[PDB]
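Asks:
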Amino acid sequence: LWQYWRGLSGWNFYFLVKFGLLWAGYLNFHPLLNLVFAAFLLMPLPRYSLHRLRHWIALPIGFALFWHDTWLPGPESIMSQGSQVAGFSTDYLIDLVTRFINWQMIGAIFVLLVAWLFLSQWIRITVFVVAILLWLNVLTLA
Amino acid sequence: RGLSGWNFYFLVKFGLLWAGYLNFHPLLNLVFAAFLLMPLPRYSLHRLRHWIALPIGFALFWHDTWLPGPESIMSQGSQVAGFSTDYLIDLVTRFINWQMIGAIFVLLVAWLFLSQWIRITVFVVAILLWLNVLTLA
Amino acid sequence: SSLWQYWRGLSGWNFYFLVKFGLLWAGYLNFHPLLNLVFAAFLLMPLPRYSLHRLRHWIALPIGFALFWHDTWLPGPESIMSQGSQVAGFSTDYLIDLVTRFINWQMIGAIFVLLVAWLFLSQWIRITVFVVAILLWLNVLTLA
Amino acid sequence: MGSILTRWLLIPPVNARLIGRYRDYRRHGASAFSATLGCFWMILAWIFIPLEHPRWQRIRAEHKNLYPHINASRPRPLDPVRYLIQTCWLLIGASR
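Written out as structure tokens, the structure is:
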């Protein structure tokens, strides 16, 4: 089964971003759910097809989980209030978007991406991600 | 050949014990563990043991849980047959702590990963022995 | 195809950052640590294709300039355009005098010395490691 | 560290690999203490460093050239520090 354990690949970056956001105070982090998700991603699958399937399944799940961890209104609230947003002029929407998007945060995420690309070659980032996840869970239980 | 898949069984029990969901009977579980560790030379005896152990393990786990005895369910089961499918689903969702399920899953993955490096049986037996000592002290 | 053959040091941009650090130290620059880091990250990003590298340099030049201008207290291009019509009325002699007053020959000489130092040191040491370390350090100081 | 303890704690393939290596270190004149520590560090390196990656393969292949002062077959307790220092040197003033 040793040969079938494949590190969190691109999902390492997903978690790093989450950690960064948690640290910045933008995320309500649910430690156990994220650990379960990580466990799901680390689970040893022998077949290449199962790996593809996992990636496909993991993408929506990861997104959902990320959203859940965010302070963002549920898709239901957006759908019910979305009809009010459709009446906003394009200029207002752009203004809202520019105010909402912190270009500094985007830049940080980018820097993190480059760092991750660079570090993933030297160090097993998965080990750290899992360690931090374990640690965060322990903190929530203590 | 070590406690193979039964290591996970005990780990789950330990986890539940720690969470307060299980009344752990240390002696019965030790005996069960001893039964599982007994060296059998033949591959067939190993299969038999697994078959026997499955009902015993389940019985023991149930016994260790706060769940109503099969007798109580059978006697009250006729009252549950009248419940609408929606109520049953609601009851089931309320009863199942999705967090616990997730924890068990995580434990499983951890166990699969660690079992490749370390003999988990040694730890399980050590904890069992320790828990028995605590109950006698 | 290990993305690795494609990691190239900050080459000439090392000098750009050194100059910035020197100016920051002299108190002439309001250094925005995160933006400069992002820029550095952009420059370090691994690109497999030679064409993408050329493109990066082309893009990086205006960005680097813009960022350098931003980090300086210099009036925004808008202020210059709106007040520029007032500067067009200045006699060539005045403009030269203003320029001579504005340009500190000592600072130009320092930049030149820094350039020579960099060319010389770059032969022995990887300056990129230092530039990135200082950038990271400056960012940490702003967060502490 | 043929110690009954490793036989009890580690699975047979892992134990066999560790013992093989340990013995290899002993054959090349490493003290028991140094050999154990070497095995420990290796394990740590495997855990944190993707030794399967083409980069680490190249570095391992050129180990004798890059780290002439460190004998891979005779580990010394301060070998990690030596690796760090040398690596720092290679990273900084080492261009020719």
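Residue numbers (the entry's author numbering), protein chains in the order written: chain C, 14 to 155; chain B, 19 to 155; chain D, 12 to 155; chain E, 0 to 95.
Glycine residues also receive a C-beta, built at the ideal position from the N, C-alpha and C atoms.
#1: On the criterion of 16 or more Cβ atoms from any shown chain inside 10 Å, does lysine 31 of chain B qualify as buried, or is it exposed?
#2: In angstroms, rounded to a whole number, what distance separates the CA positions of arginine 112 of chain C and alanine 99 of chain C?
#3: Taking all protein chains shown into account, decide if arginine 137 of chain C is buried (16 or more other Cβ within 10 angstroms of its Cβ) or exposed.
#4: With 9 Å as the threshold, decide whether the Cβ of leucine 43 of chain E is near any Cβ in chain B.
#5: For a cutoff of 9 Å on Cβ pairs, would you count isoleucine 58 of chain E as touching chain B?
#6: Who are the Cβ neighbours of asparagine 150 of chain D in its own chain at under 7 Å, not counting the five residues just before and after it?
#7: Identify the contact partners of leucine 130 of chain B in chain C, using a Cβ-Cβ distance below 8 Å as the criterion.
#8: Just to confirm, are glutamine 94 of chain B and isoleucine 10 of chain E a CB contact at a threshold of 9 Å?
#9: Is there a C-beta anywhere in chain C that falls below 9 Å from the one on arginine 81 of chain E?
#10: Can you list, in chain order, the residues of the stretch 68–80 of chain E whose Cβ is nearer than 8 Å to any Cβ on chain B?
#11: Going straight from the alpha carbon of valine 127 of chain D to that of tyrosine 105 of chain D, what length do you get?
#12: With a floor of 4 residues, list each alpha helix (DSSP H) that falls wholly inside the stretch 75–117 of chain D, ordered by position along the chain.
#13: In chain C, what lies closer than 8 Å to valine 110 of chain B by C-beta?
#14: With a threshold of 9 Å between beta carbons, is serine 22 of chain B in contact with chain E?
#15: Return the Cβ separation of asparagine 25 of chain D and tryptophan 129 of chain D in integer angstroms, given the expectation that the two are a contact with Cβ distance under 8 Å.
#16: Would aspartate 82 of chain D be called buried (16 or more neighbouring beta carbons within 10 Å of its own) or exposed?
#17: Determine which residues of the stretch 32–56 of chain D have a Cβ less than 7 Å from any Cβ of chain C, and write them out in chain order.
#18: Report the three-state DSSP secondary structure of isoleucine 70 of chain C (helix, strand or coil).
#19: For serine 102 of chain B and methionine 92 of chain B, I'd like the C-alpha separation in whole angstroms.
#20: Can you give me the start and stop residues for the alpha helix (DSSP H) that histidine 62 of chain E sits inside?
#21: Could you pull the start and end residues of the alpha helix (DSSP H) that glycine 23 of chain D belongs to?
#22: Looking at the structure shown, is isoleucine 136 of chain D part of a helix, part of a strand, or coil, going by DSSP?
#23: Residues of chain C with a CB under 8 Å from the CB of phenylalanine 123 of chain B: which are they?
#24: Shorter than 9 Å from the beta carbon of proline 12 of chain E to some beta carbon of chain D?
#25: Looking at the structure shown, is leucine 14 of chain C part of a helix, part of a strand, or coil, going by DSSP?
#26: Can you check which of these residues, E/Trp45, E/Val80, E/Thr35, E/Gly92, is closest to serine 72 of chain E by C-alpha distance?
#27: Does the beta carbon of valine 30 of chain B come closer than 9 Å to any beta carbon on chain C?
#28: By Cβ distance below 8 Å, which residues in the same chain neighbour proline 79 of chain E in space, the five residues on each side in sequence not counted?
#29: Reducing DSSP to helix, strand and coil, say where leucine 9 of chain E ends up.
#30: For residue 5 of chain D, which residues of its own chain have a beta-carbon under 8 Å away from its beta-carbon, when the five flanking residues on both sides are left out?
#31: Going by the DSSP bridge assignment, what does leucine 40 of chain B pair with across the sheet?
#32: Quick check on this structure: which residue in C/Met56, C/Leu146, C/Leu147, C/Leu154 has the alpha carbon closest to the alpha carbon of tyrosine 17 of chain C?
#33: For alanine 34 of chain E, report the span of its alpha helix (DSSP H) as first-last.
#34: If you count every other CB in all the chains shown that lies within 10 Å of the CB of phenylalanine 131 of chain D, and 16 or more means buried, which is it?
#35: Counting only beta-carbon atoms, is residue 96 of chain E nearer than 9 Å to chain B?
Replies: If we stick to the structure as given:
#1: buried
#2: 18 Å
#3: buried
#4: no
#5: no
#6: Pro44, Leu45, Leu48
#7: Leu14, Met56, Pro57
#8: no
#9: no
#10: none
#11: 33 Å
#12: With a minimum length of 4 residues, the continuous alpha helix (DSSP H) runs that stay inside the stretch 75–117 of chain D are 88–98, 103–113.
#13: Within chain C, no residue comes near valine 110 of chain B; the closest Cβ sits about 20 Å away, beyond 8 Å.
#14: With 9 Å as the cut-off, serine 22 of chain B does not count as an interface residue toward chain E.
#15: Right, their Cβ atoms sit about 7 Å apart.
#16: buried
#17: Answer in chain order: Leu45, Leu46, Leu48, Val49, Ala52, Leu55, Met56.
#18: helix
#19: 18 Å
#20: 62–65
#21: Premise fails: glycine 23 of chain D is in no alpha helix (DSSP H) and is neither H nor E.
#22: strand
#23: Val49, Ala52, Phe53
#24: no
#25: In the structure shown, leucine 14 of chain C sits in coil (DSSP, three-state: anything other than H, G, I, E or B).
#26: Minimum Cα-Cα distance from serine 72 of chain E among the listed residues E/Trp45, E/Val80, E/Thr35, E/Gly92 corresponds to E/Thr35.
#27: Chain C has no Cβ within less than 9 Å of the Cβ of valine 30 of chain B.
#28: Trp40
#29: Looking at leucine 9 of chain E - three-state DSSP - the assignment turns out to be strand.
#30: In the structure displayed, chain D extends from 12 to 155; residue 5 of chain D sits before or after that span and is not available.
#31: B/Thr83
#32: C/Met56
#33: 31–47
#34: exposed
#35: Examination of residue 96 of chain E is not possible in this model, given that chain E is present from 0 through 95 alone.
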